[PDB]
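Shown below, as structure tokens, is a lone chain in the form deposited in one PDB entry; questions about how it binds or moves come after it.
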């Protein structure tokens, strides 16, 4: 810990996180690809633009909130630019939906509480970096988001894909101190 340390990374863990979500089949899939490192890492890719309406429900575990009203999280994903696709079809979504899940340690499971809530829309660009890789991910997309509704607790990421081609590159969480010491 020279300066700051990360909460948890999908690559840092490598092993399963406790996934328990996915469509019937063809949608989200677990495939290992080559990363900047020699050793391969477990990733996920979901590409299906043959019918807009699919509501791919994906859950992410291994997360925790901090004191700060909110926390810092960085998700890395790669999607196939339809603009680069010569005659893709014209039925591909160029947007994503991010949701969260919060709850108490042990009180009750109210429909209101359980009722998830979207965070914001994430899409390629914004912070796209060009890396010389031979795996596939030619256009990496990085999105910075935060979450910290329920002060009591509750930390869970949720992904939703609808007729869109996007893959997960990596994910990391980190805490930041917005309120600095001011006397």
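Positions refer to the first chain, counted from 1.
We do not show the form solved in complex with a partner chain, though everything after this point is about it.
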Pick from 130 to 138, 153 to 161, 60 to 68, 114 to 122: which stretch has a heavy atom within 4.5 Å of its partner chain in the entry with it bound?
130 to 138
Among 34, 45 and 169, does every residue place a heavy atom within 4.5 Å of its partner chain in the entry with it bound?
yes
Partner proximity in the entry with it bound: residue 80 to its partner chain, non-hydrogen atom cutoff 4.5 Å
yes
